[PDB]
Amino acid sequence: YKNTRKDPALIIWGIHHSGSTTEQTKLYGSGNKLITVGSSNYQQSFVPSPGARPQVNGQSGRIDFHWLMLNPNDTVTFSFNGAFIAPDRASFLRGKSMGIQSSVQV
Amino acid sequence: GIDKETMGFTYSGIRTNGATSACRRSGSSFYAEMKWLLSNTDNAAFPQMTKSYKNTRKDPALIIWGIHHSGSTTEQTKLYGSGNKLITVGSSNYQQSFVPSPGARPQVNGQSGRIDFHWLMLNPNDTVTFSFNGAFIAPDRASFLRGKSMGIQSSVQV
Amino acid sequence: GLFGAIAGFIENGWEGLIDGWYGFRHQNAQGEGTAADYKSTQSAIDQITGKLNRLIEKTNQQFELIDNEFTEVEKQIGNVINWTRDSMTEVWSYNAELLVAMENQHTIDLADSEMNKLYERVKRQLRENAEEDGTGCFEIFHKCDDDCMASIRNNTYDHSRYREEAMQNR
Amino acid sequence: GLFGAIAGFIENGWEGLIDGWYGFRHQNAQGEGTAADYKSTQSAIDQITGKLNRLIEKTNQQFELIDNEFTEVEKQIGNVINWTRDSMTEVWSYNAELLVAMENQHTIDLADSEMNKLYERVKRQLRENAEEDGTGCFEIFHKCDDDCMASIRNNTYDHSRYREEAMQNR
Amino acid sequence: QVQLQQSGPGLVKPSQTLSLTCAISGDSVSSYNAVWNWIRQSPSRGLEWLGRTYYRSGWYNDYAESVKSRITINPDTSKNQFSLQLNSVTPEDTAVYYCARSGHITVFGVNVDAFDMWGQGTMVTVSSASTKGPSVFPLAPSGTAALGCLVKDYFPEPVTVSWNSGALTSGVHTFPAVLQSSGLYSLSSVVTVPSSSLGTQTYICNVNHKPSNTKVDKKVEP
Ligand SMILES: *[C@@H]1O[C@H](CO)[C@@H](O[C@@H]2O[C@H](CO)[C@@H](O[C@@H]3O[C@H](CO)[C@@H](O)[C@H](O[C@H]4O[C@H](CO)[C@@H](O)[C@H](O)[C@@H]4O)[C@@H]3O)[C@H](O)[C@H]2NC(C)=O)[C@H](O)[C@H]1NC(C)=O
Ligand SMILES: *[C@@H]1O[C@H](CO)[C@@H](O[C@@H]2O[C@H](CO)[C@@H](O)[C@H](O)[C@H]2NC(C)=O)[C@H](O)[C@H]1NC(C)=O
Ligand SMILES: *[C@@H]1O[C@H](CO)[C@@H](O[C@@H]2O[C@H](CO)[C@@H](O)[C@H](O)[C@H]2NC(C)=O)[C@H](O)[C@H]1NC(C)=O
Ligand SMILES: *[C@@H]1O[C@H](CO)[C@@H](O)[C@H](O)[C@H]1NC(C)=O
Ligand SMILES: *[C@@H]1O[C@H](CO)[C@@H](O)[C@H](O)[C@H]1NC(C)=O
């Protein structure tokens, strides 16, 4: 994916860690999986590690989400061979705001 | 300060008494709060193991473990059997893995191997699971914090 | 007060003086009367108002969140943040305390100054026609009717008009 | 001014007084003349000079770069740095504003003080030989020639020499 | 919700005493944070302060130099009111008299004589003329209709007029009184209504002349 816009794009992806090795094979086939991700600015890799985690929302598997800012007219390449949660959309920032943490009504 | 409580881990099919001349108590010994898990005999395959501990107390538990990096690949096989080893550790809050890398480091306290120690805070009524297949220094006890203090660095007498 | 007029040689304030900060109270054949002096009162008011204009204002600098109340940041960076924030809290608490103490000292001395200035202005007006009592009163030797008292307050008083009578009365 | 001499009972300053801060202007048979007083002028100058010696100086502390203008640091640490720097900017801007305001108040009151001190010094010199006008002038009852005026300025003036003539002129 | 309510006769004979009362609600006549004033207004003299009273750990009074020899303003702490007493009145004392609170509103605790609340006013006429009642005549309506009431030959001012005991206000105009050559006042009050409502709606003007204790109602019909 090339960012053809004048501002940086926020790109997300996920690595799925199944609750067991057998689940990993069922979903993506056997073998030691790999995901690489690179831009002109960024350089990083991911190999999944399946295994039993305690159940959260009824699930013993986990997804590692990752992010990068893709510069104007730079390209991100996803080379993967399983256990990859692919982005459907890129995010762009609209302008300026302020974020707060609150427990009371607007 | 710290209050200590047993992790409640028991073991079968492996040795639990790894010791070294680097940790002496009138003879070879080891970290008092940890256990050096070895294959039952030399060059034997360490079995694929899982061990679980739930924090049943109202404050977070400090959990420690260690990954052993032998001074050579042959030493790694002698202690834990051949093959590419793995240790995973997860809680509801924490998510991380470890594969050992043996190799010659310069001798410190007469040893060319190393232990990577790691830690996490285990929340009240959360569970930590250790899935390992060798090169793992297991905790014997969890630590709990007693209350409040101040720590200083000093070179003079009390 | 630094000058020694308010809570000084002037024994005490007047609760009846509701229209001004500083004023005159006279005694003559016609009786007694009290009147506020607005020029001195306004000078004091304008100066206090100036301090408030300075202190009640914008710090335009806007600060964003740098930590998280719901999901705590890493402990090392979190401790650096807290140490820095607590250091700033210490600086500002110290600054605020010293500012208010300094301004209050000056405000009290300022009011005391304006009272003294009014007293000395009157003393100069009726030179050789009256004498300082020591309670912030001027004992006037010649007869001074309400029009004469009002001339002192007004600042039109002409001492040469009554000097022969007043001087000879010593 | 706190004392009420400058911009007070002294109506206004003299543009012609170019050689000094404070001075004397006289009227006598021989005419009019103006002269600056250096002792009072120097005291004021020395004190202002002292403030400048204090304020124009070294902060020996040297600060290195902790971020990077060409290749931006990590966003979390970068935000902590910026927050800390902006907090320091806020403290120093506040400090500078308050310093200058405080020093300026004192500088104005200081000049007003020196003017008052000179006036009172003269008043004491010619006790019972003259009377306060109220414009910062002393009406002198005896004849006072240029040598007599210069004796007042010089501070050698001897009131007992002219007291019989001056006192009897009341 | 401070409220100043004024009472007292609006007719005083020359050389006699004008006496008015202001009754306070929502605040205390002896409050540290109030000053109680009287002010009068005439088309000639304009607005003129008369005097005041206030409590600051003892009662104080100040009066305008123009009335100082004739005037007394006293607090009543039993009824929470204060009065105005003006002796030896002359035609030059004919005016509207207002009570007013000041010194509630201050610059750094200094009463700056801001009059933040006023009474409704009492119109006072100095005259030796006996009061007279006002005759009230209908101004009959002959798709908008106008009807009214002529309020004729009364003294002194004022007269108040309402319609249907205050239930009708829209389209009402009550004209300022005119002094006739007889030395008596007259005015009219008029209202425009839908001409259709004439056959169903009753229209009554309610006329009040407090100086003569006159309250009169008059039905106005086609
Ligand atoms: C030192 O000087 C200051 C002024 O710089 C002075 O402060 C003033 O205090 C009064 C209260 O006593 C404030 O007045 C309020 O104004 C608001 C509208 O702005 C009103 O809504 C308030 O009304 C209340 O009380 C009424 C009855 O009295 C009720 O009817 C109503 O429901 C409310 O309860 C009230 O009038 C005034 O705003 C300040 N001034 C400023 C600038 O803030 C202060 O009192 C002085 N100190 C001393 C000890 O005198
Ligand atoms: C930084 O300070 C905050 C408070 O200013 C600490 O968070 C609080 O911790 C107490 C008990 O230790 C909790 O009960 C509160 O819920 C916390 N308050 C907030 C506002 O978060 C925080 O622990 C400090 N950071 C570190 C790293 O210790
Ligand atoms: C910390 O502050 C600096 C500026 O003081 C920020 O860098 C600037 O960002 C603007 C637009 O956001 C750029 O146009 C400038 O080139 C930058 N100036 C400099 C001097 O670098 C920086 O973004 C801030 N740090 C973070 C993490 O947001
Ligand atoms: C000052 O007050 C007096 C009252 O005695 C008045 O007659 C006089 O005109 C006033 N001065 C001026 C300049 O108006
Ligand atoms: C002061 O000035 C006068 C000029 O009148 C001069 O004669 C006198 O000597 C001076 N005083 C001293 C101490 O020199």
# chains A, B, ... in the order shown; residues from 1 in each chain; ligands from 1

call {"tool": "interface_residues", "arguments": {"of": "chain A", "to": "chain C", "cutoff": "9 Å", "atoms": "only C-alpha atoms", "output": "number ranges by chain"}}
result
A: 98-101

call {"tool": "residues_near_ligand", "arguments": {"ligand": "ligand 4", "cutoff": "9 Å", "atoms": "only C-alpha atoms and all ligand atoms", "output": "tab-separated table (two decimals) with N, CA and C atoms, in the first residue's frame"}}
result
chain	number	residue	atom	x	y	z
C	145	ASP	N	-15.28	77.88	60.29
C	145	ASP	CA	-16.66	77.44	60.08
C	145	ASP	C	-16.72	76.31	59.04
C	146	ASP	N	-17.92	75.79	58.78
C	146	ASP	CA	-18.10	74.67	57.84
C	146	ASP	C	-17.59	74.99	56.44
C	147	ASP	N	-17.75	76.24	56.01
C	147	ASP	CA	-17.18	76.67	54.73
C	147	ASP	C	-15.66	76.69	54.77
C	148	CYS	N	-15.10	77.04	55.92
C	148	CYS	CA	-13.65	76.98	56.15
C	148	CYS	C	-13.14	75.53	56.20
C	149	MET	N	-13.88	74.64	56.86
C	149	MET	CA	-13.52	73.21	56.90
C	149	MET	C	-13.63	72.59	55.51
C	150	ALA	N	-14.70	72.92	54.80
C	150	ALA	CA	-14.89	72.43	53.44
C	150	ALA	C	-13.81	72.95	52.49
C	151	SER	N	-13.24	74.13	52.76
C	151	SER	CA	-12.13	74.66	51.96
C	151	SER	C	-10.84	73.88	52.16
C	152	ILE	N	-10.64	73.36	53.37
C	152	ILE	CA	-9.50	72.50	53.67
C	152	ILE	C	-9.64	71.19	52.89
C	153	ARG	N	-10.79	70.54	53.03
C	153	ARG	CA	-11.07	69.32	52.29
C	153	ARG	C	-10.95	69.53	50.80
C	154	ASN	N	-11.53	70.60	50.31
C	154	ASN	CA	-11.52	70.91	48.89
C	154	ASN	C	-10.14	71.19	48.37
C	155	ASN	N	-9.28	71.70	49.25
C	155	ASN	CA	-7.91	72.06	48.92
C	155	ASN	C	-7.76	73.51	48.42
C	156	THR	N	-8.81	74.30	48.56
C	156	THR	CA	-8.76	75.71	48.21
C	156	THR	C	-8.32	76.61	49.37
C	157	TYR	N	-8.35	76.07	50.58
C	157	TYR	CA	-8.01	76.81	51.79
C	157	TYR	C	-6.85	77.80	51.56

call {"tool": "interface_residues", "arguments": {"of": "chain B", "to": "chain A", "cutoff": "12 Å", "atoms": "only C-alpha atoms", "output": "VMD selection string"}}
result
chain B and resid 48 to 54 86 to 99 125 to 132

call {"tool": "write_last_selection", "arguments": {"atoms": "N, CA and C atoms", "output": "JSON list (two decimals), in the first residue's frame"}}
result
[["chain", "number", "residue", "atom", "x", "y", "z"],
["B", 48, "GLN", "N", 7.70, -31.49, 27.59],
["B", 48, "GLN", "CA", 6.92, -30.27, 27.41],
["B", 48, "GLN", "C", 6.04, -30.06, 28.64],
["B", 49, "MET", "N", 6.30, -28.97, 29.36],
["B", 49, "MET", "CA", 5.67, -28.73, 30.66],
["B", 49, "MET", "C", 4.85, -27.46, 30.72],
["B", 50, "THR", "N", 3.81, -27.50, 31.55],
["B", 50, "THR", "CA", 3.00, -26.33, 31.86],
["B", 50, "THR", "C", 2.81, -26.26, 33.37],
["B", 51, "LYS", "N", 2.98, -25.07, 33.94],
["B", 51, "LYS", "CA", 2.78, -24.85, 35.37],
["B", 51, "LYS", "C", 2.01, -23.55, 35.58],
["B", 52, "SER", "N", 1.03, -23.60, 36.48],
["B", 52, "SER", "CA", 0.08, -22.51, 36.67],
["B", 52, "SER", "C", 0.06, -22.04, 38.12],
["B", 53, "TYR", "N", -0.07, -20.74, 38.33],
["B", 53, "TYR", "CA", -0.23, -20.17, 39.67],
["B", 53, "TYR", "C", -1.25, -19.04, 39.66],
["B", 54, "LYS", "N", -2.27, -19.15, 40.50],
["B", 54, "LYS", "CA", -3.27, -18.10, 40.67],
["B", 54, "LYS", "C", -2.93, -17.28, 41.91],
["B", 86, "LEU", "N", 11.99, -23.48, 24.06],
["B", 86, "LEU", "CA", 11.00, -22.41, 24.10],
["B", 86, "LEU", "C", 10.40, -22.27, 25.50],
["B", 87, "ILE", "N", 10.17, -21.03, 25.92],
["B", 87, "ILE", "CA", 9.43, -20.72, 27.15],
["B", 87, "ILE", "C", 8.42, -19.62, 26.84],
["B", 88, "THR", "N", 7.13, -19.88, 27.04],
["B", 88, "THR", "CA", 6.12, -18.82, 26.97],
["B", 88, "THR", "C", 5.55, -18.54, 28.35],
["B", 89, "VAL", "N", 5.15, -17.29, 28.55],
["B", 89, "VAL", "CA", 4.60, -16.82, 29.81],
["B", 89, "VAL", "C", 3.49, -15.82, 29.50],
["B", 90, "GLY", "N", 2.30, -16.06, 30.04],
["B", 90, "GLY", "CA", 1.17, -15.17, 29.82],
["B", 90, "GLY", "C", 0.28, -15.04, 31.04],
["B", 91, "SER", "N", -0.27, -13.84, 31.23],
["B", 91, "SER", "CA", -1.37, -13.59, 32.15],
["B", 91, "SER", "C", -2.46, -12.82, 31.39],
["B", 92, "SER", "N", -3.53, -12.43, 32.07],
["B", 92, "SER", "CA", -4.55, -11.57, 31.46],
["B", 92, "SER", "C", -4.00, -10.18, 31.09],
["B", 93, "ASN", "N", -2.87, -9.82, 31.69],
["B", 93, "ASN", "CA", -2.24, -8.52, 31.57],
["B", 93, "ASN", "C", -0.94, -8.52, 30.76],
["B", 94, "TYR", "N", -0.37, -9.71, 30.54],
["B", 94, "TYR", "CA", 1.01, -9.86, 30.10],
["B", 94, "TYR", "C", 1.13, -10.96, 29.05],
["B", 95, "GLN", "N", 2.08, -10.79, 28.13],
["B", 95, "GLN", "CA", 2.15, -11.61, 26.93],
["B", 95, "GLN", "C", 3.55, -11.57, 26.35],
["B", 96, "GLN", "N", 4.32, -12.64, 26.50],
["B", 96, "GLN", "CA", 5.74, -12.63, 26.09],
["B", 96, "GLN", "C", 6.36, -14.02, 26.03],
["B", 97, "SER", "N", 7.37, -14.17, 25.17],
["B", 97, "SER", "CA", 8.01, -15.46, 24.91],
["B", 97, "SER", "C", 9.53, -15.36, 24.97],
["B", 98, "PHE", "N", 10.17, -16.53, 25.00],
["B", 98, "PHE", "CA", 11.62, -16.63, 25.17],
["B", 98, "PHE", "C", 12.14, -17.92, 24.54],
["B", 99, "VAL", "N", 13.16, -17.76, 23.70],
["B", 99, "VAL", "CA", 13.90, -18.86, 23.11],
["B", 99, "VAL", "C", 15.34, -18.64, 23.56],
["B", 125, "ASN", "N", -6.49, -12.54, 41.82],
["B", 125, "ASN", "CA", -7.31, -13.53, 41.10],
["B", 125, "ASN", "C", -7.08, -13.59, 39.58],
["B", 126, "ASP", "N", -5.84, -13.31, 39.18],
["B", 126, "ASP", "CA", -5.36, -13.59, 37.83],
["B", 126, "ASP", "C", -4.38, -14.75, 37.93],
["B", 127, "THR", "N", -4.17, -15.45, 36.81],
["B", 127, "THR", "CA", -3.30, -16.62, 36.75],
["B", 127, "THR", "C", -2.13, -16.38, 35.79],
["B", 128, "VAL", "N", -0.94, -16.84, 36.17],
["B", 128, "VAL", "CA", 0.21, -16.93, 35.25],
["B", 128, "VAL", "C", 0.43, -18.38, 34.88],
["B", 129, "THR", "N", 0.69, -18.62, 33.60],
["B", 129, "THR", "CA", 1.01, -19.95, 33.09],
["B", 129, "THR", "C", 2.41, -19.94, 32.49],
["B", 130, "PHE", "N", 3.22, -20.90, 32.91],
["B", 130, "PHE", "CA", 4.55, -21.11, 32.36],
["B", 130, "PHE", "C", 4.52, -22.36, 31.50],
["B", 131, "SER", "N", 4.62, -22.19, 30.18],
["B", 131, "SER", "CA", 4.77, -23.33, 29.27],
["B", 131, "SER", "C", 6.22, -23.34, 28.80],
["B", 132, "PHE", "N", 6.94, -24.38, 29.20],
["B", 132, "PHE", "CA", 8.37, -24.46, 28.92],
["B", 132, "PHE", "C", 8.78, -25.87, 28.58]]

call {"tool": "closest_residue", "arguments": {"among": "C:3, C:52, C:41, C:20", "to": "ligand 1", "atoms": "only C-alpha atoms and all ligand atoms"}}
result
C:52

call {"tool": "atom_distance", "arguments": {"atom1": "atom CA of residue 73 of chain B", "atom2": "atom CA of residue 107 of chain B"}}
result
16.4 Å

call {"tool": "interface_residues", "arguments": {"of": "chain E", "to": "chain C", "cutoff": "12 Å", "atoms": "only C-alpha atoms", "output": "ChimeraX atom specification"}}
result
/E:32-35,52-63,65,102-114

call {"tool": "residues_around", "arguments": {"residues": "residue 11 of chain A", "least_positions_apart": "2", "cutoff": "6 Å", "atoms": "only C-alpha atoms", "output": "VMD selection string"}}
result
chain A and resid 67 to 68 90

call {"tool": "select_by_dssp", "arguments": {"residues": "segment 43-144 of chain B", "states": "strand (DSSP E or B)", "output": "PyMOL selection string"}}
result
chain B and resi 49-54+61-69+87-90+95-98+108+111+114-122+127-132+136-139+141-144

call {"tool": "write_last_selection", "arguments": {"atoms": "N, CA and C atoms", "output": "tab-separated table (two decimals), in the first residue's frame"}}
result
chain	number	residue	atom	x	y	z
B	49	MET	N	6.30	-28.97	29.36
B	49	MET	CA	5.67	-28.73	30.66
B	49	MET	C	4.85	-27.46	30.72
B	50	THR	N	3.81	-27.50	31.55
B	50	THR	CA	3.00	-26.33	31.86
B	50	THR	C	2.81	-26.26	33.37
B	51	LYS	N	2.98	-25.07	33.94
B	51	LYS	CA	2.78	-24.85	35.37
B	51	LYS	C	2.01	-23.55	35.58
B	52	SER	N	1.03	-23.60	36.48
B	52	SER	CA	0.08	-22.51	36.67
B	52	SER	C	0.06	-22.04	38.12
B	53	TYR	N	-0.07	-20.74	38.33
B	53	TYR	CA	-0.23	-20.17	39.67
B	53	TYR	C	-1.25	-19.04	39.66
B	54	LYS	N	-2.27	-19.15	40.50
B	54	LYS	CA	-3.27	-18.10	40.67
B	54	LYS	C	-2.93	-17.28	41.91
B	61	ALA	N	0.95	-9.92	42.98
B	61	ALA	CA	2.11	-10.75	43.30
B	61	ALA	C	3.24	-10.45	42.32
B	62	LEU	N	4.45	-10.32	42.85
B	62	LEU	CA	5.64	-10.22	42.02
B	62	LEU	C	6.13	-11.63	41.69
B	63	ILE	N	6.13	-11.97	40.40
B	63	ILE	CA	6.54	-13.28	39.90
B	63	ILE	C	7.83	-13.14	39.11
B	64	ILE	N	8.81	-13.98	39.41
B	64	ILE	CA	10.10	-13.99	38.72
B	64	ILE	C	10.34	-15.34	38.07
B	65	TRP	N	11.10	-15.34	36.99
B	65	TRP	CA	11.63	-16.56	36.41
B	65	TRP	C	12.95	-16.26	35.72
B	66	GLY	N	13.65	-17.31	35.31
B	66	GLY	CA	14.93	-17.15	34.62
B	66	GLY	C	15.06	-18.04	33.40
B	67	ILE	N	15.77	-17.53	32.39
B	67	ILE	CA	16.10	-18.31	31.20
B	67	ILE	C	17.60	-18.55	31.22
B	68	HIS	N	18.01	-19.81	31.15
B	68	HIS	CA	19.42	-20.16	31.23
B	68	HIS	C	20.03	-20.20	29.83
B	69	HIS	N	21.10	-19.44	29.64
B	69	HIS	CA	21.90	-19.47	28.42
B	69	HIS	C	23.22	-20.13	28.75
B	87	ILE	N	10.17	-21.03	25.92
B	87	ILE	CA	9.43	-20.72	27.15
B	87	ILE	C	8.42	-19.62	26.84
B	88	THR	N	7.13	-19.88	27.04
B	88	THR	CA	6.12	-18.82	26.97
B	88	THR	C	5.55	-18.54	28.35
B	89	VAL	N	5.15	-17.29	28.55
B	89	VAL	CA	4.60	-16.82	29.81
B	89	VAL	C	3.49	-15.82	29.50
B	90	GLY	N	2.30	-16.06	30.04
B	90	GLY	CA	1.17	-15.17	29.82
B	90	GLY	C	0.28	-15.04	31.04
B	95	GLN	N	2.08	-10.79	28.13
B	95	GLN	CA	2.15	-11.61	26.93
B	95	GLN	C	3.55	-11.57	26.35
B	96	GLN	N	4.32	-12.64	26.50
B	96	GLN	CA	5.74	-12.63	26.09
B	96	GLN	C	6.36	-14.02	26.03
B	97	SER	N	7.37	-14.17	25.17
B	97	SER	CA	8.01	-15.46	24.91
B	97	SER	C	9.53	-15.36	24.97
B	98	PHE	N	10.17	-16.53	25.00
B	98	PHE	CA	11.62	-16.63	25.17
B	98	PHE	C	12.14	-17.92	24.54
B	108	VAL	N	32.44	-14.94	34.26
B	108	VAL	CA	32.08	-14.12	35.43
B	108	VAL	C	31.74	-15.09	36.56
B	111	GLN	N	32.02	-18.60	35.38
B	111	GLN	CA	30.99	-19.17	34.50
B	111	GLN	C	30.86	-18.41	33.19
B	114	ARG	N	24.96	-17.72	31.20
B	114	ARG	CA	24.21	-16.62	31.81
B	114	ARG	C	22.76	-17.02	32.07
B	115	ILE	N	22.13	-16.35	33.03
B	115	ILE	CA	20.69	-16.48	33.27
B	115	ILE	C	20.02	-15.12	33.05
B	116	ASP	N	19.06	-15.07	32.14
B	116	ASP	CA	18.19	-13.90	31.98
B	116	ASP	C	17.05	-14.02	32.98
B	117	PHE	N	17.01	-13.14	33.99
B	117	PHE	CA	15.85	-13.07	34.90
B	117	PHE	C	14.79	-12.11	34.36
B	118	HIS	N	13.52	-12.47	34.53
B	118	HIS	CA	12.36	-11.69	34.05
B	118	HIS	C	11.33	-11.56	35.17
B	119	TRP	N	10.48	-10.53	35.10
B	119	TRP	CA	9.46	-10.33	36.13
B	119	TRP	C	8.13	-9.78	35.62
B	120	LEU	N	7.06	-10.07	36.36
B	120	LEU	CA	5.75	-9.46	36.13
B	120	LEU	C	4.96	-9.35	37.43
B	121	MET	N	4.05	-8.38	37.48
B	121	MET	CA	3.12	-8.22	38.59
B	121	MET	C	1.83	-8.93	38.24
B	122	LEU	N	1.46	-9.93	39.04
B	122	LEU	CA	0.26	-10.72	38.81
B	122	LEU	C	-0.90	-10.18	39.64
B	127	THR	N	-4.17	-15.45	36.81
B	127	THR	CA	-3.30	-16.62	36.75
B	127	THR	C	-2.13	-16.38	35.79
B	128	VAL	N	-0.94	-16.84	36.17
B	128	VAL	CA	0.21	-16.93	35.25
B	128	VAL	C	0.43	-18.38	34.88
B	129	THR	N	0.69	-18.62	33.60
B	129	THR	CA	1.01	-19.95	33.09
B	129	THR	C	2.41	-19.94	32.49
B	130	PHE	N	3.22	-20.90	32.91
B	130	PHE	CA	4.55	-21.11	32.36
B	130	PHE	C	4.52	-22.36	31.50
B	131	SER	N	4.62	-22.19	30.18
B	131	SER	CA	4.77	-23.33	29.27
B	131	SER	C	6.22	-23.34	28.80
B	132	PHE	N	6.94	-24.38	29.20
B	132	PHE	CA	8.37	-24.46	28.92
B	132	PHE	C	8.78	-25.87	28.58
B	136	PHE	N	14.80	-23.29	31.71
B	136	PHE	CA	13.89	-22.49	32.51
B	136	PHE	C	14.27	-22.60	33.99
B	137	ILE	N	14.46	-21.45	34.62
B	137	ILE	CA	14.74	-21.35	36.05
B	137	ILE	C	13.41	-20.96	36.70
B	138	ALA	N	12.79	-21.92	37.38
B	138	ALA	CA	11.42	-21.75	37.87
B	138	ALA	C	11.39	-21.07	39.24
B	139	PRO	N	10.39	-20.20	39.47
B	139	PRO	CA	10.24	-19.62	40.80
B	139	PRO	C	9.71	-20.64	41.79
B	141	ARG	N	8.92	-19.35	44.99
B	141	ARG	CA	8.03	-18.49	45.79
B	141	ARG	C	7.67	-17.20	45.06
B	142	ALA	N	6.46	-16.71	45.34
B	142	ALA	CA	6.01	-15.39	44.89
B	142	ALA	C	6.34	-14.38	45.98
B	143	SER	N	6.55	-13.13	45.57
B	143	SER	CA	6.79	-12.03	46.50
B	143	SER	C	5.59	-11.09	46.57
B	144	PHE	N	5.32	-10.58	47.78
B	144	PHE	CA	4.28	-9.60	48.02
B	144	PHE	C	4.83	-8.42	48.77

call {"tool": "residues_near_ligand", "arguments": {"ligand": "ligand 3", "cutoff": "10 Å", "atoms": "only C-alpha atoms and all ligand atoms", "output": "ChimeraX atom specification"}}
result
/D:67-83,85-86

call {"tool": "write_last_selection", "arguments": {"atoms": "C-alpha atoms", "output": "PDB file, in the first residue's frame"}}
result
ATOM      1  CA  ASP D  67      15.704  15.972  21.532  1.00  0.00           C
ATOM      2  CA  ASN D  68      16.250  16.122  17.791  1.00  0.00           C
ATOM      3  CA  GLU D  69      15.019  18.632  15.241  1.00  0.00           C
ATOM      4  CA  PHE D  70      15.918  16.613  12.151  1.00  0.00           C
ATOM      5  CA  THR D  71      14.926  13.081  13.208  1.00  0.00           C
ATOM      6  CA  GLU D  72      12.201  13.212  15.844  1.00  0.00           C
ATOM      7  CA  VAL D  73      12.588  11.075  18.955  1.00  0.00           C
ATOM      8  CA  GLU D  74      10.012   8.466  20.072  1.00  0.00           C
ATOM      9  CA  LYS D  75       6.607  10.035  20.638  1.00  0.00           C
ATOM     10  CA  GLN D  76       6.178   9.088  24.318  1.00  0.00           C
ATOM     11  CA  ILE D  77       9.546  10.376  25.479  1.00  0.00           C
ATOM     12  CA  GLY D  78       9.214  13.325  23.093  1.00  0.00           C
ATOM     13  CA  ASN D  79       5.942  14.336  24.700  1.00  0.00           C
ATOM     14  CA  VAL D  80       7.475  14.097  28.183  1.00  0.00           C
ATOM     15  CA  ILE D  81      10.367  16.324  27.049  1.00  0.00           C
ATOM     16  CA  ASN D  82       8.033  18.885  25.504  1.00  0.00           C
ATOM     17  CA  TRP D  83       5.729  18.932  28.515  1.00  0.00           C
ATOM     18  CA  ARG D  85      10.189  22.190  28.576  1.00  0.00           C
ATOM     19  CA  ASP D  86       6.852  23.957  28.236  1.00  0.00           C
TER      20      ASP D  86
END

call {"tool": "residues_around", "arguments": {"residues": "residue 146 of chain B", "least_positions_apart": "6", "cutoff": "12 Å", "atoms": "only C-alpha atoms", "output": "PyMOL selection string"}}
result
chain B and resi 1-4+59-62

call {"tool": "atom_distance", "arguments": {"atom1": "atom CA of residue 57 of chain B", "atom2": "atom CA of residue 145 of chain B"}}
result
11.5 Å

call {"tool": "atom_distance", "arguments": {"atom1": "atom CA of residue 136 of chain C", "atom2": "atom CA of residue 124 of chain C"}}
result
13.8 Å

call {"tool": "residues_around", "arguments": {"residues": "residue 9 of chain A", "least_positions_apart": "2", "cutoff": "6 Å", "atoms": "only C-alpha atoms", "output": "list in words"}}
result
residues 69, 70, 91 and 92 of chain A

call {"tool": "write_last_selection", "arguments": {"atoms": "N, CA and C atoms", "output": "mmCIF file, in the first residue's frame"}}
result
data_model
loop_
_atom_site.group_PDB
_atom_site.id
_atom_site.type_symbol
_atom_site.label_atom_id
_atom_site.label_comp_id
_atom_site.auth_asym_id
_atom_site.auth_seq_id
_atom_site.Cartn_x
_atom_site.Cartn_y
_atom_site.Cartn_z
ATOM 1 N N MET A 69 3.325 4.879 11.283
ATOM 2 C CA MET A 69 2.931 6.043 10.493
ATOM 3 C C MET A 69 3.634 5.969 9.143
ATOM 4 N N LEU A 70 2.857 5.901 8.067
ATOM 5 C CA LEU A 70 3.391 5.791 6.719
ATOM 6 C C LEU A 70 3.457 7.169 6.069
ATOM 7 N N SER A 91 -5.957 4.885 8.414
ATOM 8 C CA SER A 91 -6.487 6.044 9.134
ATOM 9 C C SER A 91 -5.656 7.298 8.865
ATOM 10 N N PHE A 92 -6.348 8.432 8.770
ATOM 11 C CA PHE A 92 -5.727 9.738 8.599
ATOM 12 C C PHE A 92 -6.240 10.699 9.638
#

call {"tool": "residues_around", "arguments": {"residues": "segment 173-189 of chain E", "least_positions_apart": "4", "cutoff": "10 Å", "atoms": "only C-alpha atoms", "output": "count of residues only"}}
result
29

call {"tool": "closest_residue", "arguments": {"among": "E:14, E:26, E:8, E:141", "to": "ligand 1", "atoms": "only C-alpha atoms and all ligand atoms"}}
result
E:26

call {"tool": "residues_around", "arguments": {"residues": "segment 191-198 of chain E", "least_positions_apart": "2", "cutoff": "6 Å", "atoms": "only C-alpha atoms", "output": "number ranges by chain"}}
result
E: 143-147, 171-172, 200-201

call {"tool": "select_by_dssp", "arguments": {"residues": "chain B", "states": "alpha helix (DSSP H)", "output": "VMD selection string"}}
result
chain B and resid 73 to 80
